[PDB]
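Asker: See data_35.cif below, with mmCIF, C-alpha atoms (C1' of nucleotides).
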```cif
data_query
#
loop_
_atom_site.label_atom_id
_atom_site.label_comp_id
_atom_site.auth_asym_id
_atom_site.auth_seq_id
_atom_site.Cartn_x
_atom_site.Cartn_y
_atom_site.Cartn_z
CA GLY A 12 -67.46 14.09 -59.67
CA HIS A 13 -64.60 12.97 -57.46
CA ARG A 14 -61.25 13.44 -59.17
CA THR A 15 -59.76 10.30 -60.71
CA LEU A 16 -56.12 9.67 -61.56
CA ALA A 17 -56.88 10.46 -65.22
CA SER A 18 -59.17 13.43 -64.48
CA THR A 19 -56.85 16.43 -64.00
CA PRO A 20 -53.15 15.49 -64.11
CA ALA A 21 -52.00 19.01 -63.16
CA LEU A 22 -54.27 19.18 -60.08
CA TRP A 23 -52.34 16.83 -57.77
CA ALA A 24 -49.85 17.18 -54.93
CA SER A 25 -47.34 14.46 -54.07
CA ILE A 26 -46.02 13.90 -50.55
CA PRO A 27 -43.53 11.19 -49.46
CA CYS A 28 -45.34 8.25 -47.87
CA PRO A 29 -44.27 4.64 -48.49
CA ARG A 30 -46.91 1.92 -48.61
CA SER A 31 -45.17 0.06 -45.77
CA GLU A 32 -45.62 3.09 -43.51
CA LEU A 33 -49.26 3.70 -44.45
CA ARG A 34 -52.25 2.20 -46.26
CA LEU A 35 -55.36 4.27 -47.04
CA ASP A 36 -57.75 1.32 -47.36
CA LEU A 37 -57.07 0.18 -43.78
CA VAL A 38 -57.16 3.42 -41.76
CA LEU A 39 -59.79 5.95 -42.86
CA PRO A 40 -62.90 3.67 -42.88
CA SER A 41 -61.59 1.92 -39.75
CA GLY A 42 -63.77 3.98 -37.36
CA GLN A 43 -61.28 6.79 -36.77
CA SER A 44 -63.21 9.26 -38.95
CA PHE A 45 -66.70 9.39 -40.42
CA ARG A 46 -66.48 11.89 -43.27
CA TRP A 47 -64.68 9.90 -45.99
CA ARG A 48 -66.30 7.78 -48.69
CA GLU A 49 -65.19 5.60 -51.59
CA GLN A 50 -66.56 5.86 -55.13
CA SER A 51 -63.64 4.81 -57.34
CA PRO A 52 -61.14 2.21 -56.08
CA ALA A 53 -58.34 3.47 -53.81
CA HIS A 54 -60.00 6.88 -53.43
CA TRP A 55 -61.12 8.82 -50.37
CA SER A 56 -62.64 12.27 -49.91
CA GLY A 57 -63.70 14.42 -46.98
CA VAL A 58 -63.89 18.04 -45.91
CA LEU A 59 -61.32 19.56 -43.56
CA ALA A 60 -60.97 23.25 -42.66
CA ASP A 61 -63.77 24.17 -45.08
CA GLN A 62 -61.95 22.52 -47.98
CA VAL A 63 -62.74 19.24 -49.72
CA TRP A 64 -59.76 16.85 -49.63
CA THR A 65 -59.27 13.84 -51.89
CA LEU A 66 -56.60 11.28 -51.03
CA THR A 67 -55.10 8.40 -52.99
CA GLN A 68 -52.04 6.23 -52.44
CA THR A 69 -49.30 5.15 -54.83
CA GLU A 70 -46.56 2.60 -54.13
CA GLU A 71 -44.25 5.10 -52.42
CA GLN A 72 -46.10 8.45 -52.43
CA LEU A 73 -49.42 9.93 -51.33
CA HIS A 74 -51.35 12.00 -53.86
CA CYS A 75 -53.68 14.82 -52.85
CA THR A 76 -56.16 17.16 -54.49
CA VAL A 77 -58.48 19.88 -53.23
CA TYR A 78 -61.89 21.35 -53.98
CA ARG A 79 -62.65 24.87 -52.77
CA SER A 83 -62.30 27.67 -56.01
CA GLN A 84 -60.72 27.50 -59.48
CA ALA A 85 -57.01 27.13 -58.68
CA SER A 86 -54.48 24.30 -58.85
CA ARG A 87 -51.19 23.52 -57.06
CA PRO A 88 -52.39 23.58 -53.41
CA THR A 89 -50.26 25.74 -51.15
CA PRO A 90 -47.62 24.12 -48.91
CA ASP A 91 -49.37 25.30 -45.72
CA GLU A 92 -52.21 22.88 -46.45
CA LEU A 93 -49.51 20.28 -47.13
CA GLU A 94 -48.23 20.88 -43.60
CA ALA A 95 -51.85 20.74 -42.39
CA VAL A 96 -52.33 17.28 -43.88
CA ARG A 97 -48.83 16.30 -42.71
CA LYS A 98 -49.95 17.05 -39.15
CA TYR A 99 -53.20 15.27 -40.05
CA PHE A 100 -51.15 12.21 -41.03
CA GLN A 101 -48.22 12.25 -38.56
CA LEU A 102 -45.71 12.09 -41.41
CA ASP A 103 -42.90 13.20 -39.08
CA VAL A 104 -43.50 9.98 -37.11
CA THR A 105 -42.06 6.66 -38.27
CA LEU A 106 -43.98 3.40 -37.89
CA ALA A 107 -41.43 0.87 -39.16
CA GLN A 108 -39.29 1.18 -36.02
CA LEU A 109 -42.45 0.97 -33.91
CA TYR A 110 -43.48 -2.22 -35.72
CA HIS A 111 -40.00 -3.65 -35.14
CA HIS A 112 -40.23 -2.78 -31.44
CA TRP A 113 -43.63 -4.45 -31.10
CA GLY A 114 -42.48 -7.53 -33.01
CA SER A 115 -39.42 -7.79 -30.78
CA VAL A 116 -41.50 -7.60 -27.61
CA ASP A 117 -44.54 -9.60 -28.80
CA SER A 118 -44.94 -11.91 -31.79
CA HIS A 119 -48.75 -11.64 -31.95
CA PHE A 120 -48.54 -8.13 -33.40
CA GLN A 121 -45.90 -9.35 -35.85
CA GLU A 122 -48.18 -12.20 -36.96
CA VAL A 123 -51.07 -9.76 -37.37
CA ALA A 124 -48.80 -7.37 -39.30
CA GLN A 125 -47.44 -10.19 -41.49
CA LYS A 126 -49.90 -8.84 -44.07
CA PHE A 127 -50.65 -5.48 -42.39
CA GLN A 128 -48.19 -2.67 -43.14
CA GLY A 129 -49.13 0.89 -42.26
CA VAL A 130 -52.20 1.21 -40.06
CA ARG A 131 -51.48 4.79 -39.03
CA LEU A 132 -53.39 7.37 -36.98
CA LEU A 133 -54.65 10.85 -37.79
CA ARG A 134 -54.55 14.17 -35.91
CA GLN A 135 -57.80 16.03 -36.53
CA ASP A 136 -59.29 19.35 -35.51
CA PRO A 137 -60.70 18.97 -31.97
CA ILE A 138 -64.12 20.45 -32.83
CA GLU A 139 -64.40 18.31 -35.97
CA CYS A 140 -63.16 15.12 -34.31
CA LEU A 141 -65.12 15.69 -31.09
CA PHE A 142 -68.45 16.36 -32.79
CA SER A 143 -67.87 13.50 -35.21
CA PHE A 144 -67.19 11.09 -32.34
CA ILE A 145 -70.17 12.25 -30.26
CA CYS A 146 -72.56 10.41 -32.58
CA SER A 147 -70.26 7.38 -32.99
CA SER A 148 -71.13 5.67 -29.70
CA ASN A 149 -72.88 2.28 -30.01
CA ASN A 150 -73.03 2.65 -33.77
CA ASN A 151 -71.66 0.93 -36.87
CA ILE A 152 -69.31 2.80 -39.17
CA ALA A 153 -71.53 3.21 -42.24
CA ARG A 154 -74.42 4.60 -40.20
CA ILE A 155 -72.12 7.13 -38.51
CA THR A 156 -70.62 8.10 -41.87
CA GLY A 157 -73.99 8.87 -43.43
CA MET A 158 -75.07 10.35 -40.09
CA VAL A 159 -72.25 12.90 -39.93
CA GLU A 160 -72.67 13.63 -43.65
CA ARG A 161 -76.35 14.48 -43.08
CA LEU A 162 -75.45 16.62 -40.05
CA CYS A 163 -72.86 18.44 -42.17
CA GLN A 164 -75.50 18.99 -44.86
CA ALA A 165 -77.96 20.37 -42.31
CA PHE A 166 -75.64 22.69 -40.38
CA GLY A 167 -72.59 23.21 -42.59
CA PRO A 168 -71.58 25.73 -45.24
CA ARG A 169 -71.87 23.85 -48.53
CA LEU A 170 -69.11 23.97 -51.14
CA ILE A 171 -70.40 22.34 -54.35
CA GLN A 172 -72.73 19.58 -55.58
CA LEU A 173 -70.10 17.10 -56.78
CA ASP A 174 -72.24 14.86 -58.98
CA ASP A 175 -74.17 13.08 -56.25
CA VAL A 176 -74.19 15.04 -52.99
CA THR A 177 -73.08 18.50 -51.91
CA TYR A 178 -70.03 18.82 -49.66
CA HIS A 179 -70.11 21.14 -46.67
CA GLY A 180 -67.79 22.61 -44.10
CA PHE A 181 -68.07 21.01 -40.69
CA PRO A 182 -70.62 23.04 -38.70
CA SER A 183 -69.37 26.04 -36.76
CA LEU A 184 -69.66 26.01 -32.98
CA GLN A 185 -72.08 28.96 -33.03
CA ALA A 186 -74.50 26.87 -35.11
CA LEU A 187 -74.93 24.04 -32.58
CA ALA A 188 -74.90 25.79 -29.18
CA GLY A 189 -78.42 27.19 -29.57
CA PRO A 190 -81.81 25.87 -28.47
CA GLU A 191 -84.19 23.46 -30.26
CA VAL A 192 -81.19 21.84 -32.02
CA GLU A 193 -81.77 18.51 -30.25
CA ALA A 194 -85.25 18.07 -31.73
CA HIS A 195 -84.07 19.29 -35.14
CA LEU A 196 -81.28 16.73 -35.29
CA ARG A 197 -83.54 14.00 -33.91
CA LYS A 198 -85.67 14.77 -36.96
CA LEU A 199 -82.54 14.19 -39.05
CA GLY A 200 -82.00 10.93 -37.16
CA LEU A 201 -79.13 11.33 -34.72
CA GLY A 202 -80.96 9.35 -32.06
CA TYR A 203 -80.25 10.25 -28.45
CA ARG A 204 -76.81 11.32 -29.69
CA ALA A 205 -78.54 14.52 -30.83
CA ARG A 206 -78.96 15.38 -27.16
CA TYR A 207 -75.35 14.29 -26.67
CA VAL A 208 -74.50 16.90 -29.31
CA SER A 209 -76.63 19.70 -27.86
CA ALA A 210 -75.48 19.29 -24.25
CA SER A 211 -71.94 19.08 -25.67
CA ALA A 212 -72.24 22.28 -27.72
CA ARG A 213 -73.45 25.01 -25.36
CA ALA A 214 -71.25 23.56 -22.61
CA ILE A 215 -68.27 24.51 -24.78
CA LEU A 216 -69.19 28.21 -24.97
CA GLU A 217 -71.50 28.74 -21.98
CA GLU A 218 -69.93 26.76 -19.12
CA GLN A 219 -66.34 25.76 -19.97
CA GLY A 220 -64.87 28.94 -21.47
CA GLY A 221 -65.32 28.84 -25.23
CA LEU A 222 -62.98 27.50 -27.88
CA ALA A 223 -59.89 28.60 -25.91
CA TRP A 224 -60.46 26.03 -23.15
CA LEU A 225 -60.61 23.21 -25.70
CA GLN A 226 -57.72 24.46 -27.83
CA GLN A 227 -55.48 24.83 -24.77
CA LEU A 228 -55.71 21.06 -24.16
CA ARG A 229 -53.41 20.12 -27.06
CA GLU A 230 -50.39 20.95 -24.85
CA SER A 231 -51.78 20.01 -21.42
CA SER A 232 -51.20 16.86 -19.36
CA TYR A 233 -52.81 13.48 -19.98
CA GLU A 234 -55.12 12.95 -17.00
CA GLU A 235 -56.14 16.62 -16.83
CA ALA A 236 -57.24 16.68 -20.48
CA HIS A 237 -58.86 13.25 -20.14
CA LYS A 238 -60.99 14.34 -17.19
CA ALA A 239 -61.71 17.68 -18.89
CA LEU A 240 -63.17 15.88 -21.90
CA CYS A 241 -64.96 13.38 -19.65
CA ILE A 242 -66.83 16.19 -17.85
CA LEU A 243 -68.52 17.01 -21.17
CA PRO A 244 -71.90 15.27 -21.66
CA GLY A 245 -71.66 12.20 -23.88
CA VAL A 246 -67.85 12.07 -23.99
CA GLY A 247 -66.96 8.95 -22.03
CA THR A 248 -63.56 7.35 -21.68
CA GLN A 249 -63.59 5.72 -25.13
CA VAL A 250 -64.30 8.92 -27.05
CA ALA A 251 -62.21 10.93 -24.58
CA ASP A 252 -59.21 8.76 -25.44
CA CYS A 253 -60.21 8.91 -29.11
CA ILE A 254 -60.17 12.72 -29.01
CA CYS A 255 -56.91 12.69 -27.03
CA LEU A 256 -55.27 10.35 -29.56
CA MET A 257 -56.61 11.69 -32.87
CA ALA A 258 -57.01 15.39 -32.05
CA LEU A 259 -54.70 16.23 -29.13
CA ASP A 260 -51.55 14.18 -29.94
CA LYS A 261 -51.60 11.88 -26.90
CA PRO A 262 -50.08 8.60 -28.12
CA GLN A 263 -50.33 7.03 -24.65
CA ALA A 264 -54.09 6.60 -25.16
CA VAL A 265 -55.54 3.27 -26.28
CA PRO A 266 -59.21 3.30 -27.29
CA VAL A 267 -61.09 0.38 -25.76
CA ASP A 268 -64.22 -0.81 -27.56
CA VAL A 269 -66.10 -3.94 -28.66
CA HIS A 270 -63.39 -4.82 -31.19
CA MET A 271 -60.53 -4.45 -28.68
CA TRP A 272 -62.25 -6.51 -26.03
CA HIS A 273 -63.23 -9.30 -28.41
CA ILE A 274 -59.64 -9.27 -29.67
CA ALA A 275 -58.22 -9.50 -26.15
CA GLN A 276 -60.60 -12.20 -24.90
CA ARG A 277 -60.03 -14.30 -28.04
CA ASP A 278 -56.32 -13.76 -28.75
CA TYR A 279 -54.45 -12.37 -25.73
CA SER A 280 -56.23 -14.23 -22.88
CA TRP A 281 -56.46 -10.98 -20.91
CA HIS A 282 -59.11 -10.79 -18.20
CA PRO A 283 -59.88 -8.08 -15.62
CA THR A 284 -57.83 -9.03 -12.57
CA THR A 285 -58.49 -6.24 -10.07
CA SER A 286 -61.94 -5.62 -11.56
CA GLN A 287 -64.70 -8.01 -10.51
CA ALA A 288 -66.48 -8.31 -13.87
CA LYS A 289 -65.82 -8.64 -17.62
CA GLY A 290 -68.09 -5.95 -19.07
CA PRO A 291 -67.54 -2.41 -20.39
CA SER A 292 -66.57 -0.30 -17.40
CA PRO A 293 -64.10 2.53 -16.64
CA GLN A 294 -62.03 0.30 -14.35
CA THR A 295 -61.73 -2.36 -17.06
CA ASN A 296 -60.80 0.37 -19.54
CA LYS A 297 -58.07 1.66 -17.23
CA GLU A 298 -56.81 -1.87 -16.56
CA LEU A 299 -56.58 -2.66 -20.28
CA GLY A 300 -54.87 0.68 -20.90
CA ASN A 301 -52.26 0.02 -18.22
CA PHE A 302 -51.73 -3.54 -19.49
CA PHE A 303 -51.31 -2.40 -23.10
CA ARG A 304 -48.96 0.41 -22.09
CA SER A 305 -46.83 -1.92 -19.96
CA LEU A 306 -46.69 -4.67 -22.59
CA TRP A 307 -46.15 -2.32 -25.55
CA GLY A 308 -44.88 1.09 -24.45
CA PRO A 309 -45.84 4.76 -24.81
CA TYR A 310 -47.23 4.55 -28.38
CA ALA A 311 -49.64 1.66 -27.76
CA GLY A 312 -52.57 3.45 -29.41
CA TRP A 313 -51.02 2.89 -32.83
CA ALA A 314 -50.68 -0.86 -32.26
CA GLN A 315 -54.30 -0.71 -31.11
CA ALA A 316 -55.16 0.92 -34.45
CA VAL A 317 -53.43 -1.91 -36.33
CA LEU A 318 -55.37 -4.39 -34.19
CA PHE A 319 -58.62 -2.55 -34.98
CA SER A 320 -57.99 -2.64 -38.72
CA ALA A 321 -57.16 -6.34 -38.41
CA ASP A 322 -60.43 -6.94 -36.55
CA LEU A 323 -62.56 -5.08 -39.08
CA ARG A 324 -61.24 -6.82 -42.23
CA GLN A 325 -61.79 -10.35 -40.92
"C1'" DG B 1 -98.32 -38.43 -49.72
"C1'" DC B 2 -95.48 -36.25 -46.95
"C1'" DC B 3 -91.32 -34.59 -46.06
"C1'" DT B 4 -85.86 -32.34 -48.47
"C1'" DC B 5 -84.80 -28.30 -50.47
"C1'" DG B 6 -85.26 -23.93 -51.70
"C1'" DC B 7 -86.97 -19.53 -50.42
"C1'" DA B 8 -89.15 -15.24 -49.03
"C1'" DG B 9 -90.00 -12.78 -44.89
"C1'" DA B 10 -89.83 -11.43 -39.84
"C1'" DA B 11 -86.70 -11.39 -35.20
"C1'" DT B 12 -82.80 -10.47 -33.29
"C1'" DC B 13 -77.80 -9.03 -33.16
"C1'" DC B 14 -74.82 -5.78 -33.89
"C1'" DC B 15 -72.24 -1.73 -34.32
"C1'" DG B 16 -65.75 2.21 -32.38
"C1'" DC B 17 -70.85 3.02 -25.74
"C1'" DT B 18 -72.61 7.03 -21.84
"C1'" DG B 19 -76.41 8.15 -18.31
"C1'" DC B 20 -78.54 6.33 -14.96
"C1'" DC B 21 -79.38 2.80 -11.80
"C1'" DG B 22 -77.51 -0.91 -7.99
"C1'" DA B 23 -73.08 -1.02 -4.59
"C1'" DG B 24 -68.99 -1.05 -1.49
"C1'" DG B 25 -66.01 2.42 1.15
"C1'" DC B 26 -65.86 6.21 3.82
"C1'" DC B 27 -67.74 9.26 7.15
"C1'" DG B 28 -72.07 10.00 10.55
"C1'" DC B 29 -73.90 9.40 15.73
"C1'" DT B 30 -76.49 7.54 17.92
"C1'" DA C 1 -74.14 -0.01 17.51
"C1'" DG C 2 -76.18 2.04 13.72
"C1'" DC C 3 -77.48 3.16 9.61
"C1'" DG C 4 -77.91 7.46 6.16
"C1'" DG C 5 -75.79 9.23 1.72
"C1'" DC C 6 -71.41 11.23 -1.41
"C1'" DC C 7 -67.84 8.91 -4.67
"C1'" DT C 8 -65.97 5.98 -8.53
"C1'" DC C 9 -67.10 0.77 -9.63
"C1'" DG C 10 -70.58 -2.60 -12.79
"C1'" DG C 11 -74.89 -3.46 -16.28
"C1'" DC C 12 -77.64 -2.30 -19.55
"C1'" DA C 13 -80.46 0.57 -23.10
"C1'" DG C 14 -81.41 3.92 -25.62
"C1'" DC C 15 -81.51 5.14 -31.63
"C1'" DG C 16 -81.45 3.24 -36.74
"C1'" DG C 17 -79.93 0.23 -41.00
"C1'" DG C 18 -77.71 -3.85 -42.31
"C1'" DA C 19 -76.66 -8.58 -41.78
"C1'" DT C 20 -77.29 -13.22 -39.97
"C1'" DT C 21 -80.60 -16.44 -38.09
"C1'" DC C 22 -84.53 -18.31 -37.50
"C1'" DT C 23 -89.34 -19.27 -39.32
"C1'" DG C 24 -92.94 -20.71 -41.70
"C1'" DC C 25 -94.62 -21.98 -46.98
"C1'" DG C 26 -94.60 -24.10 -52.28
"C1'" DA C 27 -92.90 -28.35 -55.37
"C1'" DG C 28 -91.94 -32.75 -55.18
"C1'" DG C 29 -91.28 -37.94 -56.29
"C1'" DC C 30 -89.36 -41.65 -54.34
#
```
Output the file's structure in the form of C-alpha cells.
Answerer:
Amino acid sequence: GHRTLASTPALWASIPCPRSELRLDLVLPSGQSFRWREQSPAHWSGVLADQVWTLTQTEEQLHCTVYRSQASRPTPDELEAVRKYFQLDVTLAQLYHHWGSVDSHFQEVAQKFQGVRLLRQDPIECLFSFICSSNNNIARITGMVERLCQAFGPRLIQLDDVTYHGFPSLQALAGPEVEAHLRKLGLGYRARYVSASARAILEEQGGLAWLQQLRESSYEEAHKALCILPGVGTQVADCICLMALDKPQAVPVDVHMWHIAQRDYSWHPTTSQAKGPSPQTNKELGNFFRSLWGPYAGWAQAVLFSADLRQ
DNA sequence: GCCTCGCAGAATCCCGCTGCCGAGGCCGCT
DNA sequence: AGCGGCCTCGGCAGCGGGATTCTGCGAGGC
C-alpha cells in the first residue's frame, strides 16, 4: 500500500517548501502530469527515473518517500532531482506580487490560491505522457498512461492494488506493430501519434542526443523542433518546453485558457480573423500574455488553469 | 382521469487538440 | 491577363469514459 504518515516514520525525507509557495492538491492533477493518483488524503504517487515517488505536504515542508529496494533515507542526489522537478530554487511569492501589482485579476484569483507551481520533468517521460493528452480529460489520460506504463514498462512492485512500472524505454516504442498493440490497449488515434513520434526520435532526428540537447537551446528553434514531430502541436510543444526544457516564456493555450480569456479578460483575436483554436491565435495569446505579465507568464497560466479546474 | 413529480435510461458534450482539408499571398507566363 | 500550386492561416474530428441534459414511463388525487 501507499505509505501513510503513520506507516513508516523513519522512511521520509523533508525538504523546505512553504504552503504559500506550493500546494500539492492544485498542481499535480491539474493536467501537467498524468502519472499521479490519490488514495489517502493529501497524498500523491508516481514513478520517475524508475523509482516510485510519494509526495505529501505539511504546513511549511514537503515530505517525500521512495519505493525501489529495502533501504531508507533516500540519497541527496534524488533530492536534487526532485528539487529540479519542483523548481525549488525559484520563488513564486515575488512573482505573485509582480502580477498583483500589474493586474488585479490574478490577485483576485490568488486571493485563495497560493502556490500553483510548475514541474520540470524528463523530456521522454513528459513528451510521451503529453502525446496521449490531446483532446482528452485528465482522468482518462491518467489511467491511459498508467495502462501504457503497465504494458511497456519495467514493473517495480504490486503495491496493494496495481503494479508500478518504470516509464517505457525509447527502444520499446520505436518498433513496428506498436500502434495496433496500443490501440488494443485503448490509446485511440494517439497510439499512432505515439508510434510516429517514437521511431522519428531514433531513426530520423538523431536519437536521444537531439532531444536532450534542446534543454539549453533557443526558444523558437526548440519549439519548431518539437513541432516537426508527429502529434506534437503548439500546445504540447509549449507544454514540453515549459515542463521539461525550462522555458518559462511559454504559455500553454487550451480550452481552459480560452474560456478563461473570453469570459474574464475580454481578449479576442485582433490580427487573426476567427476565434477558434489555431496557431495564429495561440501566438497572439502568447504575445499578449507575455506583454501583460512578463517572461514567466506560464506560471500565472498554471495558476489560472488550477483556478479553472476547481470551479 | 389526466397530468406534476419522480425516475431510469439514452444522446450529446466534453475533455489540457493535431492532421488534413479549404484559403489568401506569392511566384508563374501566358 | 491568367491562372496553377507551395506556405502558414482557420475548422473540425478522430478515440473513450464520465457527466449533464434531454426523453420517455409509473403513481397519483385533486
Asker: Identify the residues within 10 Å of coordinate (-71.6, -1.8, -6.9) (same frame as the file), considering only C-alpha atoms (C1' of nucleotides), and give the answer as an mmCIF file with C-alpha atoms (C1' of nucleotides), keeping the file's coordinate frame.
Answerer:
```
data_model
loop_
_atom_site.group_PDB
_atom_site.id
_atom_site.type_symbol
_atom_site.label_atom_id
_atom_site.label_comp_id
_atom_site.auth_asym_id
_atom_site.auth_seq_id
_atom_site.Cartn_x
_atom_site.Cartn_y
_atom_site.Cartn_z
ATOM 1 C CA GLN A 287 -64.700 -8.010 -10.510
ATOM 2 C "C1'" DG B 22 -77.510 -0.910 -7.990
ATOM 3 C "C1'" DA B 23 -73.080 -1.020 -4.590
ATOM 4 C "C1'" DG B 24 -68.990 -1.050 -1.490
ATOM 5 C "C1'" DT C 8 -65.970 5.980 -8.530
ATOM 6 C "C1'" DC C 9 -67.100 0.770 -9.630
ATOM 7 C "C1'" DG C 10 -70.580 -2.600 -12.790
#
```
Asker: With distances taken over only C-alpha atoms (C1' of nucleotides), which of A:199, A:208, A:269, A:223 is nearest to residue 15 of chain B?
Answerer: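 Closest candidate: A:269.
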Asker: Output the residue selection produced by the PyMOL selection byres ((chain A) within 7 of (chain C)) on the file above, formatted as a ChimeraX atom specification.
Answerer: /A:202-203,292,294
Asker: Can you give me, as a list in words, the residues this file yields under the PyMOL selection byres ((chain B) within 12 of (chain A))?
Answerer: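 With the PyMOL selection byres ((chain B) within 12 of (chain A)) on this model, the match is residues 14, 15, 16, 17, 18 and 19 of chain B.
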Asker: Any idea what the distance is between atom CA of residue 146 of chain A and atom CA of residue 243 of chain A?
Answerer: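 About the pair atom CA of residue 146 of chain A and atom CA of residue 243 of chain A: they are 13.8 Å apart.
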Asker: Using all atoms listed in the file, which residues sit within 9 Å of segment 45-49 of chain A once same-chain residues fewer than 6 positions away are excluded, as a VMD selection string?
Answerer: chain A and resid 39 55 to 58 65 143 to 144 147 152 to 153 155 to 160
Asker: Segment 10-27 of chain C, all listed atoms, 8 Å padding on each side: what axis-aligned box centre and edge lengths in Å to one decimal come out, as JSON?
Answerer:
```
{"center_x": -82.6, "center_y": -11.6, "center_z": -34.1, "size_x": 40.0, "size_y": 49.5, "size_z": 58.6}
```
Asker: On this structure, which residues satisfy the PyMOL selection byres ((chain A and resi 298-312) around 6), written as a list in words?
Answerer: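 Residues picked by the PyMOL selection byres ((chain A and resi 298-312) around 6): residues 262, 263, 264, 265, 295, 296, 297, 313, 314 and 315 of chain A.
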Asker: What does the distance between atom CA of residue 256 of chain A and atom CA of residue 127 of chain A come to in Å, to one decimal place?
Answerer: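 About the pair atom CA of residue 256 of chain A and atom CA of residue 127 of chain A: they are 20.9 Å apart.
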Asker: Residues at most 8 Å from residue 53 of chain A, counting only C-alpha atoms (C1' of nucleotides), excluding those fewer than 2 positions away in the same chain, as a JSON list (two decimals) with C-alpha atoms, in the coordinates of the input?
Answerer:
```json
[["chain", "number", "residue", "atom", "x", "y", "z"],
["A", 35, "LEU", "CA", -55.36, 4.27, -47.04],
["A", 36, "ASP", "CA", -57.75, 1.32, -47.36],
["A", 49, "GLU", "CA", -65.19, 5.60, -51.59],
["A", 51, "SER", "CA", -63.64, 4.81, -57.34],
["A", 55, "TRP", "CA", -61.12, 8.82, -50.37],
["A", 67, "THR", "CA", -55.10, 8.40, -52.99],
["A", 68, "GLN", "CA", -52.04, 6.23, -52.44]]
```
Asker: Please report the interatomic distance between atom CA of residue 317 of chain A and atom CA of residue 54 of chain A in Å with one decimal.
Answerer: 20.3 Å
